[PDB]
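Letters A, B, ... are given to chains in the order of the sequence lines, protein chains preceding strands, and every chain is numbered from 1. What's counted below: heavy atoms across the whole structure, side chains too, no hydrogens, waters or symmetry copies.
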Amino acid sequence: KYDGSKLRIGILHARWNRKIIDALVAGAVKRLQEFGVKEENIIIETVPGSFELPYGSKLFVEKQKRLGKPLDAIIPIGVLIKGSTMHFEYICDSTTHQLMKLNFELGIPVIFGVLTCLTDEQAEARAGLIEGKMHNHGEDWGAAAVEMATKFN
Amino acid sequence: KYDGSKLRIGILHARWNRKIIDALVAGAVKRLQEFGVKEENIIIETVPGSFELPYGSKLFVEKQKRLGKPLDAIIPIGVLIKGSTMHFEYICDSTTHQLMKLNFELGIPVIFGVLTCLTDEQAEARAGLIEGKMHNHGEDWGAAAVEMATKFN
Amino acid sequence: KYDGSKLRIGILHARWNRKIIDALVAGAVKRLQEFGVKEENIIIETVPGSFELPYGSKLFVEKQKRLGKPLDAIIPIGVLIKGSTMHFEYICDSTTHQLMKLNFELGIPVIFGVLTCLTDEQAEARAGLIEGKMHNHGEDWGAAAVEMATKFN
Amino acid sequence: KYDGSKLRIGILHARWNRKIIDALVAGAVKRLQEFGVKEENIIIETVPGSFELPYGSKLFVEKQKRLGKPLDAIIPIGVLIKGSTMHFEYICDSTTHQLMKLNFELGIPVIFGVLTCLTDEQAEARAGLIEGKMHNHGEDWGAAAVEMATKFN
Amino acid sequence: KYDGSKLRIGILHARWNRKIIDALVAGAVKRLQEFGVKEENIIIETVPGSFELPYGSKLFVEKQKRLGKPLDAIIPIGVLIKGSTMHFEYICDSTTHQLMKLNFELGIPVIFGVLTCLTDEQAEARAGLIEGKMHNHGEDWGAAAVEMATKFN
């Protein structure tokens with residue numbers, strides 16, 4: 001239904017919880033390929049943590065413009081696990097809100113690719129790392145990116 | 001009291017929990033028509049999830065303008081059921097704030113059509129899918145859209 | 001202490017929990033008139049629910065400007081009672097925040113007239129409907145509107 | 001440590017929980033004077049409740065500009081105690097966020113002088129009203145106002 | 001790897017919980033110099049509390065611009081420990097959201113250096129003050145500042 005061959009898609013991912021992140025990125029990449037998005041047009045860049053996702057996304061989008069290779073959509077990818085402090089709550093809160101607002105500031109679809117889990121098992125399951133359980137959410141984010149960049153043209 | 005015969009209403013809905021979504025959409029359509037809105041002027045469009053509703057609404061509104069068929073009001077519809085992670089809470093929080101803010105950005109009424117439930121039964125009951133329980137919240141939203149787009153002319 | 005004779009005050013109220021709504025409006029109307037605000041200068045208008053209060057207020061204010069009868073302040077009145085789902089939480093949160101911001105966007109005092117209760121009794125008690133318990137919060141909202149429109153002239 | 005002899009500081013306080021409010025203001029006033037701020041350059045003004053603090057601060061700042069006596073900093077003082085309903089949570093939430101945002105919109109330091117307590121005992125202790133317990137937070141607010149107005153000139 | 005030799009990084013830290021604050025700053029300063037940032041190009045400045053961090057950061061950024069020694073990135077540092085009242089919740093929430101927004105308002109990376117802990121031991125552990133327990137989170141913030149200011153040209 002959706003054609004991604006003409007699109008350039010950016011994936012910006014954190015490096016905290018790298019094992020789970022890698023699996024999510026791979027899924028997003030996989031689904032992008034299935035929609036016809038060219039390999040040269042899947043751009044992957046990293047940031048340290050999820051807090052750096054929103055501003056990192058802006059800087060990433062702006063750099064791509066300056067390069068003459070603008071992005072049609074972006075998938076910020078982060079994994080946050082509930083720890084002992086309230087750090088989890090406040091990172092999740094601020095990140096989710098800014099990424100949402102970033103749809104309008106940037107003028108391109110920003111797909112919420114942040115997992116917000118209470119356990120490591122929960123994040124692993126939603127990254128496809130536990131076999132026979134659930135699915136890789138990265139794949140959904142890939143499909144969402146193509147559609148949102150296409151549907152309303 | 002309120003006549004919608006000269007109005008063009010947009011409905012944008014998520015695709016997760018499709019059975020409950022379809023019931024709410026139909027309830028909004030049914031009520032829209034009771035206020036006099038013509039079938040040709042009820043425009044239905046989809047996005048994958050509730051996070052995509054706010055920016056999807058923006059792209060939908062701007063598309064209809066470019067087509068020369070501008071929307072007088074929009075009803076973003078989504079269904080969110082509490083899962084095992086905090087994903088429910090941050091999607092609800094961010095989506096709600098942006099849909100609220102979107103009234104002012106888009107310059108047209110944006111009717112909050114997002115169910116934020118704890119059980120599947122609760123969402124079914126609020127879509128009128130339980131024979132004796134409550135009512136279809138979709139109908140209330142249709143009536144809201146007509147009133148909000150007309151009352152202050 | 002505050003002369004309200006030269007003021008025009010708008011009251012925008014929701015229609016859900018109407019019995020409690022009516023009493024809060026009645027209290028606001030009473031105290032408004034006690035500070036000298038004339039009946040012809042108290043404009044009452046309605047919206048379906050509390051979510052429509054923020055944008056309804058803007059549309060109400062804009063309409064009153066086009067009529068050549070500008071409002072000096074506005075009191076959005078809503079009654080929200082905790083249900084079974086999270087609907088209460090997300091309506092309250094985004095409604096409160098927008099009404100707060102509306103002070104600066106509209107350039108007139110917006111008095112927070114939204115009850116956020118857990119039981120019907122709590123709302124009734126804070127609306128002056130329980131015989132010997134507490135008072136009608138509506139009156140306080142009336143007093144506030146007059147003061148905020150006058151004190152800093 | 002900082003010189004406040006050339007500063008004009010405004011104090012805007014709510015009128016609920018007055019006993020505690022008066023103690024908080026008296027602390028702020030006392031500490032202001034210790035930094036060199038003159039009695040004539042400490043302007044006290046009131047609003048009804050904490051919700052009125054944000055916009056009341058704007059109106060207060062603007063009036064002082066029209067009087068030719070601008071403020072170099074403002075200390076919005078409120079006392080909020082948790083009751084039976086959710087009123088506490090939502091007033092605290094939107095007031096704190098708006099007072100924070102007010103720093104950037106007014107262009108002067110806005111010092112958070114709102115106590116957000118669960119009990120009356122807690123507000124009294126944080127106002128210096130309990131003999132062998134803690135200190136008056138109002139003093140800290142007076143120190144903060146002076147510093148934030150001078151340190152970065 | 002990132003070259004911080006040409007960078008100027010600012011550190012703005014609160015003063016409450018000084019013992020923990022100092023460890024975080026020392027950790028950030030240390031990592032900065034490992035990435036090649038000169039000691040004349042690491043500017044430390046202070047504010048009273050965490051609530052002053054966002055507006056202090058702007059005042060600090062603007063001051064450095066006026067001096068001809070602009071900042072390429074800023075690390076606002078603060079320590080918040082849960083107390084008896086709801087003070088903790090509302091300072092974390094508004095500070096976190098504003099520091100996040102500040103990335104876009106200032107046009108430089110704003111590294112989130114605020115600990116949001118339930119106990120003192122939790123903050124000590126995340127500052128590297130407990131041997132064999134976790135690490136100094138300050139060190140990450142140093143690295144983040146250098147990466148975010150360089151990676152995207």
Could you give the distance from [atom1] ([X]) to [atom2] ([Y]), rounded to the nearest 0.5 Å?
| X | Y | atom1 | atom2 | value |
| --- | --- | --- | --- | --- |
| C:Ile81 | C:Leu115 | CD1 | CG | 7.0 Å |
| B:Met100 | B:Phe112 | CE | CZ | 8.5 Å |
| C:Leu7 | C:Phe35 | CG | CZ | 11.5 Å |
| C:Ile44 | C:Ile75 | CD1 | CD1 | 8.5 Å |
| C:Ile42 | C:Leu32 | CD1 | CG | 4.5 Å |
| C:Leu71 | C:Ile11 | CG | CD1 | 10.5 Å |

Next item on the list: Measure C:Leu102 against the heavy atoms of chain B and call it side chain, backbone, both or neither at under 4.5 Å.
Entry: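 For C:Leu102, the contact with chain B is made by the side chain alone.
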Notebook entry, point to check: Is any side-chain heavy atom of C:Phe60 less than 4.5 Å from a side-chain heavy atom of C:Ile43?
Noted result: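 Side chain of C:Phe60 against side chain of C:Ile43, heavy atoms only: contact under 4.5 Å found.
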Margin query: Less than 4.5 Å to any heavy atom of chain C: does that hold for the side chain of B:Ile108, its backbone, both, or neither?
Written below: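 Only the backbone of B:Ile108 comes within 4.5 Å of chain C.
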Could you pull out every donor-acceptor pair under 3.5 Å between chain C and chain B?
{"unit_1": "C:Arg15", "atom_1": "NH1", "unit_2": "B:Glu147", "atom_2": "OE2", "d": "2.8"}
{"unit_1": "C:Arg15", "atom_1": "NH2", "unit_2": "B:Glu147", "atom_2": "OE1", "d": "2.7"}
{"unit_1": "C:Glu45", "atom_1": "OE2", "unit_2": "B:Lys151", "atom_2": "NZ", "d": "3.2"}
{"unit_1": "C:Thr46", "atom_1": "O", "unit_2": "B:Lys151", "atom_2": "NZ", "d": "2.9"}
{"unit_1": "C:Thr46", "atom_1": "OG1", "unit_2": "B:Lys151", "atom_2": "NZ", "d": "2.8"}
{"unit_1": "C:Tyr55", "atom_1": "OH", "unit_2": "B:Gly107", "atom_2": "O", "d": "3.1"}
{"unit_1": "C:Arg66", "atom_1": "NH1", "unit_2": "B:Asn153", "atom_2": "O", "d": "2.9"}
{"unit_1": "C:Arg66", "atom_1": "NH2", "unit_2": "B:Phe152", "atom_2": "O", "d": "3.0"}
{"unit_1": "C:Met86", "atom_1": "N", "unit_2": "B:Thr116", "atom_2": "O", "d": "3.0"}
{"unit_1": "C:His87", "atom_1": "N", "unit_2": "B:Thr116", "atom_2": "OG1", "d": "3.2"}

